[PDB]
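Novice: Pasting a structure below so you can have a look.
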Amino acid sequence: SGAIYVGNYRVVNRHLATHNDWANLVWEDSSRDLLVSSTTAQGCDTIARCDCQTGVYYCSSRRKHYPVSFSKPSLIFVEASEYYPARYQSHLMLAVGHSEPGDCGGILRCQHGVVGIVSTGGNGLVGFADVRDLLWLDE
Ligand SMILES: NC(=O)[C@H]1CCCN(C(=O)Cc2cccc3c2OCCO3)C1
Ligand SMILES: [Zn+2]
């Protein structure tokens with residue numbers, strides 16, 4: 001679990017969105033596993049606007065942060081789950097690191113701010129849904 005709170009927006013994994021997220025929907029994209037909902041309170045986070053390929057992510061299944069080298073956002077095949085059929089997930093970044101299903105929502109940050117959230121993993125890999133291209137989050 002986990003979310004990004006920036007301005008009057010809450011960014012979560014689309015497959016973990018609540019009834020309240022859907023009732024306050026701003027934008028969602030099944031191909032990216034992302035959903036953004038509106039909030040009444042002002043958020044705590046800053047979004048990175050950069051091309052960093054190194055950062056640190058929070059891994060809830062270890063209660064620890066780990067440093068990672070990650071690939072540029074791209075289209076990657078993701079096997080069928082209870083949430084989605086087998087498909088290509090877009091804007092996805094891979095890195096070597098521990099992750100388990102319940103780790104989705106953990107934040108990946110670089111020195112410039114929030115880069116994205118854990119969305120996939122397995123076999124010593126961790127995949128992150130990028131948010132740096134969503135310029136409208138800052139207005
Ligand atoms: N973006 C998607 O389509 C997700 C939706 C939720 C399920 N899924 C995963 O990859 C879950 C997962 C995360 C992290 C480590 C995992 C793991 O699955 C087992 C092995 O280790 C695909
Ligand atoms: Zn950066």
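Letters A, B, ... go to the chains of the structure tokens in the order shown; residues in each chain start at 1; ligands are counted from 1 in the same order.
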Pick out the residues no farther than 10 Å from ligand 1, counting only C-alpha atoms and all ligand atoms, and list them as a PyMOL selection string.

Specialist: chain A and resi 13-16+30-34+59+61+77-90+92+97-105+118-129

Novice: At a cut-off of 9 Å and counting only C-alpha atoms and all ligand atoms, what residues surround ligand 2? Please answer as number ranges by chain.

Specialist: A: 48-55, 109-115

Novice: What is the CA of residue 20 (chain A) to CA of residue 5 (chain A) distance in Å?

Specialist: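 We find that CA of residue 20 (chain A) and CA of residue 5 (chain A) lie 15.0 Å from each other.
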
Novice: Could you name the residues that touch residue 39 (chain A) at 9 Å or less, counting only C-alpha atoms, but leaving out those on the same chain fewer than 3 positions away, as number ranges by chain?

Specialist: A: 5, 7-10, 24, 42-43

Novice: Counting only C-alpha atoms, figure out which residue out of A:131, A:40, A:106, A:3 gets nearest to residue 62 (chain A).

Specialist: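 Going through A:131, A:40, A:106, A:3 one by one, the smallest distance to residue 62 (chain A) is for A:106.
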
Novice: As an MDAnalysis selection string, please: all residues of region 4-94 of chain A that backbone DSSP puts in alpha helix (DSSP H).

Specialist: chainID A and resid 19:23

Novice: Taking N, CA and C atoms for each residue, export the selection above as an mmCIF file, in the first residue's frame.

Specialist:
data_model
loop_
_atom_site.group_PDB
_atom_site.id
_atom_site.type_symbol
_atom_site.label_atom_id
_atom_site.label_comp_id
_atom_site.auth_asym_id
_atom_site.auth_seq_id
_atom_site.Cartn_x
_atom_site.Cartn_y
_atom_site.Cartn_z
ATOM 1 N N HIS A 19 -13.269 2.973 -3.019
ATOM 2 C CA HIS A 19 -14.533 3.548 -3.497
ATOM 3 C C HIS A 19 -14.433 5.089 -3.485
ATOM 4 N N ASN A 20 -13.776 5.669 -2.439
ATOM 5 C CA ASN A 20 -13.629 7.121 -2.370
ATOM 6 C C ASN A 20 -12.747 7.679 -3.480
ATOM 7 N N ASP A 21 -11.678 6.956 -3.857
ATOM 8 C CA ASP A 21 -10.831 7.397 -4.982
ATOM 9 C C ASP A 21 -11.675 7.468 -6.258
ATOM 10 N N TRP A 22 -12.478 6.411 -6.542
ATOM 11 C CA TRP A 22 -13.317 6.407 -7.745
ATOM 12 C C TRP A 22 -14.409 7.492 -7.714
ATOM 13 N N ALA A 23 -14.920 7.832 -6.516
ATOM 14 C CA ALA A 23 -15.942 8.894 -6.378
ATOM 15 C C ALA A 23 -15.359 10.308 -6.595
#

Novice: Can you list, as a list in words, every protein, DNA or RNA residue that comes within 9 Å of residue 6 (chain A) when you count only C-alpha atoms, leaving out same-chain residues fewer than 6 positions away?

Specialist: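 Residues near the query, excluding close chain neighbours: residues 42, 43, 44, 45, 46, 47, 137 and 138 of chain A.
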
Novice: Mind dumping the selected residues with N, CA and C atoms as a CSV table (one decimal), in the first residue's frame?

Specialist:
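What landed in selection_36.csv:
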chain,number,residue,atom,x,y,z
A,42,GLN,N,-4.3,19.9,1.5
A,42,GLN,CA,-3.1,20.1,0.7
A,42,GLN,C,-2.0,19.0,1.0
A,43,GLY,N,-1.4,18.4,0.0
A,43,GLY,CA,-0.5,17.3,0.1
A,43,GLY,C,0.9,17.6,0.6
A,44,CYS,N,1.6,16.6,1.1
A,44,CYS,CA,2.9,16.6,1.7
A,44,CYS,C,4.1,16.5,0.7
A,45,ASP,N,3.9,15.9,-0.5
A,45,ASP,CA,5.0,15.5,-1.5
A,45,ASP,C,5.3,16.5,-2.6
A,46,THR,N,6.6,16.5,-3.3
A,46,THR,CA,7.1,17.2,-4.4
A,46,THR,C,7.5,16.2,-5.6
A,47,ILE,N,7.1,16.5,-6.8
A,47,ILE,CA,7.4,15.5,-7.9
A,47,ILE,C,8.6,15.9,-8.6
A,137,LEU,N,0.2,17.5,-12.3
A,137,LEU,CA,0.1,17.3,-10.9
A,137,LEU,C,0.5,18.5,-10.0
A,138,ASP,N,1.3,19.4,-10.6
A,138,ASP,CA,1.8,20.6,-10.0
A,138,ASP,C,1.0,21.9,-10.2

Novice: Within 6 Å of residue 70 (chain A), counting only C-alpha atoms, which residues show up once you throw out same-chain ones fewer than 5 positions away? Write them as an MDAnalysis selection string, please.

Specialist: chainID A and resid 53 93:95

Novice: For the selection you just gave me, I'd like the residues written to a file as an mmCIF file, in the first residue's frame, keeping N, CA, C and O atoms.

Specialist:
data_model
loop_
_atom_site.group_PDB
_atom_site.id
_atom_site.type_symbol
_atom_site.label_atom_id
_atom_site.label_comp_id
_atom_site.auth_asym_id
_atom_site.auth_seq_id
_atom_site.Cartn_x
_atom_site.Cartn_y
_atom_site.Cartn_z
ATOM 1 N N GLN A 53 18.140 7.956 -13.279
ATOM 2 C CA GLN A 53 18.014 6.504 -13.358
ATOM 3 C C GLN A 53 18.563 5.824 -12.108
ATOM 4 O O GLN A 53 18.851 4.630 -12.141
ATOM 5 N N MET A 93 9.293 1.217 -15.102
ATOM 6 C CA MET A 93 10.739 1.226 -14.902
ATOM 7 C C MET A 93 11.123 0.006 -14.073
ATOM 8 O O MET A 93 10.520 -0.207 -13.020
ATOM 9 N N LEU A 94 12.110 -0.795 -14.509
ATOM 10 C CA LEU A 94 12.514 -1.974 -13.735
ATOM 11 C C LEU A 94 13.846 -1.752 -13.035
ATOM 12 O O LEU A 94 14.748 -1.091 -13.562
ATOM 13 N N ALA A 95 13.997 -2.431 -11.908
ATOM 14 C CA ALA A 95 15.257 -2.435 -11.171
ATOM 15 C C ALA A 95 15.411 -3.761 -10.440
ATOM 16 O O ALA A 95 14.435 -4.490 -10.255
#

Novice: Among the residues of region 6-137 of chain A, find those DSSP assigns to strand (DSSP E or B) from the backbone and print them as an mmCIF file with C-alpha atoms, in the first residue's frame.

Specialist:
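Full text of out.cif as output:
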data_model
loop_
_atom_site.group_PDB
_atom_site.id
_atom_site.type_symbol
_atom_site.label_atom_id
_atom_site.label_comp_id
_atom_site.auth_asym_id
_atom_site.auth_seq_id
_atom_site.Cartn_x
_atom_site.Cartn_y
_atom_site.Cartn_z
ATOM 1 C CA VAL A 6 0.780 16.508 -4.135
ATOM 2 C CA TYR A 9 -4.242 15.185 -5.694
ATOM 3 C CA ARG A 10 -3.761 11.641 -4.355
ATOM 4 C CA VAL A 11 -1.839 9.266 -6.719
ATOM 5 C CA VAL A 12 -2.369 5.534 -6.051
ATOM 6 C CA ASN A 13 -1.957 2.184 -7.894
ATOM 7 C CA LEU A 25 -11.719 10.550 -9.881
ATOM 8 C CA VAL A 26 -9.487 12.997 -11.789
ATOM 9 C CA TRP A 27 -7.676 10.607 -14.188
ATOM 10 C CA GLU A 28 -6.937 6.892 -14.484
ATOM 11 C CA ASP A 29 -4.971 4.708 -16.915
ATOM 12 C CA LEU A 34 -2.285 4.574 -12.092
ATOM 13 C CA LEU A 35 -5.291 6.467 -10.719
ATOM 14 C CA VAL A 36 -5.397 10.087 -9.408
ATOM 15 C CA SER A 37 -8.207 11.364 -7.165
ATOM 16 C CA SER A 38 -8.933 14.816 -5.694
ATOM 17 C CA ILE A 47 7.353 15.498 -7.917
ATOM 18 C CA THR A 54 19.126 6.030 -9.707
ATOM 19 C CA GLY A 55 17.106 6.554 -6.544
ATOM 20 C CA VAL A 56 15.856 5.004 -3.308
ATOM 21 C CA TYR A 57 12.553 3.130 -2.771
ATOM 22 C CA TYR A 58 10.586 2.074 0.291
ATOM 23 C CA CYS A 59 10.022 -1.702 0.603
ATOM 24 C CA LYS A 64 13.531 -0.645 4.751
ATOM 25 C CA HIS A 65 14.647 1.708 1.990
ATOM 26 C CA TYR A 66 16.929 0.367 -0.754
ATOM 27 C CA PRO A 67 19.055 2.196 -3.377
ATOM 28 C CA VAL A 68 18.308 1.145 -7.048
ATOM 29 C CA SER A 69 19.479 1.662 -10.638
ATOM 30 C CA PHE A 70 16.321 1.630 -12.806
ATOM 31 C CA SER A 74 8.982 1.791 -21.188
ATOM 32 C CA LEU A 75 6.349 -0.766 -22.401
ATOM 33 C CA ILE A 76 6.875 -4.063 -20.549
ATOM 34 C CA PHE A 77 4.893 -7.294 -20.710
ATOM 35 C CA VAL A 78 3.148 -8.145 -17.384
ATOM 36 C CA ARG A 87 -0.898 -7.066 -21.223
ATOM 37 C CA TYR A 88 1.876 -4.483 -21.824
ATOM 38 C CA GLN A 89 2.146 -1.965 -18.992
ATOM 39 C CA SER A 90 3.422 1.429 -20.227
ATOM 40 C CA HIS A 91 5.667 4.014 -18.416
ATOM 41 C CA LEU A 92 7.160 1.157 -16.304
ATOM 42 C CA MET A 93 10.739 1.226 -14.902
ATOM 43 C CA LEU A 94 12.514 -1.974 -13.735
ATOM 44 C CA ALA A 95 15.257 -2.435 -11.171
ATOM 45 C CA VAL A 96 16.888 -5.283 -9.228
ATOM 46 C CA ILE A 107 7.575 5.531 -3.187
ATOM 47 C CA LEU A 108 10.734 5.726 -5.373
ATOM 48 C CA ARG A 109 12.571 9.106 -4.872
ATOM 49 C CA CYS A 110 15.684 10.726 -6.357
ATOM 50 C CA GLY A 113 11.630 14.465 -5.540
ATOM 51 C CA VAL A 114 9.131 11.673 -6.096
ATOM 52 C CA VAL A 115 9.809 9.604 -9.240
ATOM 53 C CA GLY A 116 7.064 6.924 -9.049
ATOM 54 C CA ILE A 117 5.462 4.067 -7.085
ATOM 55 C CA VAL A 118 6.019 0.290 -6.874
ATOM 56 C CA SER A 119 3.583 -1.405 -9.312
ATOM 57 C CA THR A 120 5.149 -4.853 -10.194
ATOM 58 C CA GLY A 121 7.893 -7.288 -9.072
ATOM 59 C CA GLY A 122 9.023 -10.843 -8.440
ATOM 60 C CA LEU A 125 12.986 -7.493 -9.568
ATOM 61 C CA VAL A 126 10.916 -4.417 -8.669
ATOM 62 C CA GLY A 127 8.882 -2.373 -11.207
ATOM 63 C CA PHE A 128 7.844 1.285 -10.689
ATOM 64 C CA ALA A 129 5.074 3.265 -12.400
ATOM 65 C CA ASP A 130 6.659 6.596 -13.445
#
